[PDB]
């Protein structure tokens, strides 16, 4: 069911924060553990700020904190080009339950279209289930990221789900879960943007995990 997939997502969601060495942590959004010490996280969380690699990355797993130098996480792309969401290996994180087999297969994508879905996410660790209207797939999606200083950058990704719904700041990194029980309520991707009552999630397929 949607709710049981949501429970598996919930258990693998951590809060992602960034800070200067010896400074306060800025808690930015969610990251989703997928297997071993690998997580999915929107790279817009960190990559547009100056000297990201000299920062400390923080992972909050239910009030137990894990930190690491940004230079010591291994970042791997989901596919060619910029997809925002990346795979991130974090050697200091406790191993995750492997939830990769619960992600949609590329070939099954059409089966989630035109059906409801649920965004399984948090706002700074408080779990929320957000209804999303019948899904469409945008071959390219563009959204605006506001940086810390106030300036903005336009981001464009390939293959992003679009659904009607109401999101809030901090919900990025949550997982979109199909209402379709015939594909076992597959995880469809990762929430990256929202506005004007529409929610956008980057498609993540099982096949993408082959990038290790």
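Numbering follows the first chain given and starts at 1.
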- Item | 136-144 or 111-119, whichever carries the higher mean Cα B-factor | 136-144
- Task: For the higher mean C-alpha B factor in the entry, choose 200-208 or 17-25.
- Result: 17-25
- Task: Using the entry's values, work out which of 50, 35, 44, 162 has the largest Cα B factor.
- Result: 50
- Message: Out of 182, 151, 178, 30, whose C-alpha atom has the biggest B factor in the entry?
- Response: 151
- Task: Tell me, lowest, middle or highest third: where does the Cα B factor of residue 73 rank within its chain?
- Result: lowest
- Comparing against every modelled residue in the chain, figure out the third that the C-alpha B-factor of residue 157 lands in (lowest, middle or highest). highest
- Query: Comparing residue 173 with the other modelled residues of its chain, is its CA B-factor in the lowest, middle or highest third?
  - Reply: lowest
- Message: Sorting by Cα B-factor within the chain, modelled residues only, which third would residue 95 end up in: lowest, middle or highest?
- Response: highest
- Query: Taking the entry's C-alpha B-factors for this chain, is residue 88 in the lowest, middle or highest third?
  - Reply: lowest
